[PDB]
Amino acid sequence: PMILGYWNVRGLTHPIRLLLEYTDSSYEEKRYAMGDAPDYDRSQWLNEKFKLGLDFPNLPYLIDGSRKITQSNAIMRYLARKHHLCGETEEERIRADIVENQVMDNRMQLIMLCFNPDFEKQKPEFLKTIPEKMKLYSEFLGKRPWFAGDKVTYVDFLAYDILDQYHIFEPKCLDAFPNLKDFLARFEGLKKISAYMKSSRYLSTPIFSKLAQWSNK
């Protein structure tokens, strides 16, 4: 079995857990526990961070036999080439690449707001930016069934995850973009995805670590 290591929170690893499930991968998990406030003890991880053979010790990590990978996109891409879920055309590939990075940016934005102590007074500002973000995803996907075109790629995994977290942080943000609502439902409707979602392993929340101002619980 493959081993996925991460905190016991959604974090940035959902697309990975969903990809694992989607490709029917055999894997085990290491969900490292984080210490409560104000210490936020991380020795569950730290006791073995330098003891696992990884080039750049980090969470998440994927152990696949001899191969030891870190950096979530890096992990996503490995699984993707493994199950032919990479773009097939140059245009597929440009779309994917942009999407990949676009998701992480939109994700840091969220993070940066949810770990800042000034959350409360930062939120209304942040809120003003969301409709553009969504519009961008909505006009880019357009009428395509999947973000890269006609077939599911690893980028839909990342895409699903960050829009659902945004949807979750702002429930009515997809109201104006029904193609995005339909996308989440199509993704969600995938056989193995539906399935995992009802599983003992599903882990939707908390979205962040106990250090966050939002979805820390």
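All residue numbers are counted from 1 along the displayed sequence.
Taking only CA atoms, the mean B-factor in the PDB entry is higher for 193 to 201 than for the other of 193 to 201 and 13 to 21. Look at the C-alpha B-factors of 167 to 175 and of 49 to 57. On average they run higher in 167 to 175. In this structure the maximum Cα B-factor among 98, 112, 104, 74 is found at 112. For residue 90, the recorded CA B-factor ranks within the middle third of the chain. Only modelled residues enter the ranking.
Residue 43: CA B factor lies in the highest third for its chain, per the PDB record.
Per-chain ranking of the deposited C-alpha B factor places residue 157 in the lowest third. In the deposited entry, the Cα temperature factor of residue 80 sits in the bottom third of values across the chain's modelled residues.
Looking at the C-alpha B-factors along this chain, the one for residue 137 belongs to the lowest third.
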